[PDB]
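Each chain, written out:
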Amino acid sequence: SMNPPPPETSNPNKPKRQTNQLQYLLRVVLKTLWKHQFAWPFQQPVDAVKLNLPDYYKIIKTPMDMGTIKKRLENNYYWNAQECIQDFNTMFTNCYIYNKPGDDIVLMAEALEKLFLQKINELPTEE
Ligand SMILES: Cn1nnc2ccc(NC(=O)c3nccn3Cc3ccccc3)cc21
């Protein structure tokens, strides 16, 4: 059970736009989550080989992490803020699916998710 390649982060064949909502997701949301005390395990794809989790990618077919989301924002991969919000939600849900409730990694994800939801509530309206 080798690791898969990381998610795609740059596609020159997709149309691009710079918007106040996408800028907020990078400059505020990704920034504030990245610096959270529990952010480290979520800053790069799950290395299931190094962590000796041979079933991780048998269970999780839509992996996602904040390093990927940072790159997607930087490369104008998303047309809409909702596409980026979905990637964050996928990251949290993957953790909740793979692990037992109350596991340390789940409590950490839950704390990151709480901060995420607060920042998404303050998502500015489209300019
Ligand atoms: C199993 N699991 N389920 N979702 C997960 C999402 C991310 C990680 N990351 C890590 O374990 C990790 N990243 C960098 C270092 N570590 C070691 C470590 C082991 C245990 C707890 C914290 C950190 C595991 C996940």
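Cut-offs and rules
- Residues numbered from 1 in each chain as written, not as in the entry; some residues may be left out.
- Heavy atoms only, no water.
- Axes fitted to C-alpha atoms, helices over the stretch in contact; angles between N-to-C directions.
- Helix = DSSP H or I, 4+ residues; strand = E, 2+ residues; numbered from the N terminus.
- Parallel < 35°, antiparallel > 145°, perpendicular 65-115°, else oblique.
- Left-handed = near helix turned anticlockwise from the far one by under 90°.
- Contact = heavy atoms within 4.5 Å.
- Nonpolar A, V, L, I, M, F, W, Y, C, P; charged D, E, K, R; others polar.
- Buried < 20%, exposed > 50% of the residue type's maximum accessible area, 1.4 Å probe, protein only.
- Polar contact = N/O pair within 3.5 Å; in protein donor to acceptor, adjacent residues only side chain to side chain.
- Near = heavy atom within 4 Å.
- Areas by Shrake-Rupley, 256 points an atom, 1.4 Å probe, with all protein chains shown as cover.
- 1 Å grid on protein atoms, 1.4 Å probe; cavity = no way out; pocket = protein on both sides within 12 Å on 5 of 7 lines; lining within 4 Å.
- Sits in = over half its atoms within 2 Å of the grid points.

As stated in the entry header, the method of structure determination is X-ray crystallography and the reported resolution is 1.500 Å.

**Q** Help me get a handle on the packing of helix α1 (residues 20–34) against helix α3 (residues 66–74), residues and values and all.
**A** Across the interface, α1 lies against α3 with an axial gap of 10 Å and an inter-helix angle of 155 degrees. Here α1 is positioned roughly antiparallel relative to α3, judged by the angle of their axes. Classified by chirality, the crossing of α3 by α1 is left-handed. Contact residues: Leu-22, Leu-25, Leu-26, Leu-30, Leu-33 and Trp-34 in α1; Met-66, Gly-67, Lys-70, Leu-73 and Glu-74 in α3. For the contact of α1 with α3, the residue count by class is eight nonpolar, one polar and two charged.

**Q** If you had to explain α3 to someone new, which residues and values would you point to?
**A** Among the residues of α3, those classed as buried are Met-66, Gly-67, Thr-68, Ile-69, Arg-72 and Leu-73. The inward-facing, buried residues of α3 contact α1 and α4 (81–98). The opening residue of α3, the one whose side-chain oxygen lies 2.9 Å from the backbone nitrogen of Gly-67, is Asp-65. Of the residues flanking the end of α3, it is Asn-76, one or two places downstream, whose phi is positive at about 55 degrees.

**Q** Let's hear about the packing of α1 against α4: which residues, and what values?
**A** For the pair α1 and α4, interaxial distance at closest approach is 10 Å and the crossing angle is 20 degrees. Between α1 and α4, the angle is such that the two are roughly parallel. Our pair here, α1 against α4, has a crossing hand that is right-handed. On α4, the residues touching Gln-21, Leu-22, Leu-25, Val-29, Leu-30 and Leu-33 of α1 are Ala-81, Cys-84, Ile-85 and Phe-88. Of the residues that constitute the contact of α1 with α4, the class distribution is nine nonpolar, one polar and no charged.

**Q** Describe the site of the ligand, with residues and values.
**A** Taken together, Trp-40, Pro-41, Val-46, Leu-51, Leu-53, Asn-99, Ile-105 and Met-108 form the complete shell of residues around the ligand. In the environment of the ligand, a nitrogen atom lies 2.9 Å from a nitrogen or oxygen atom belonging to the side chain of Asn-99. Here the ligand loses 69% of its free accessible area of 520 Å² to cover by the protein chains. Among the detected pockets, the ligand sits in the largest pocket.

**Q** Break down the environment of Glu-126 for me, with residues and values.
**A** Relative to the elements of secondary structure, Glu-126 occurs in the segment after α5 (104–121). It is 6.4 Å that separates the C-alpha atoms of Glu-126 and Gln-21, two residues lying 105 residues apart in sequence.

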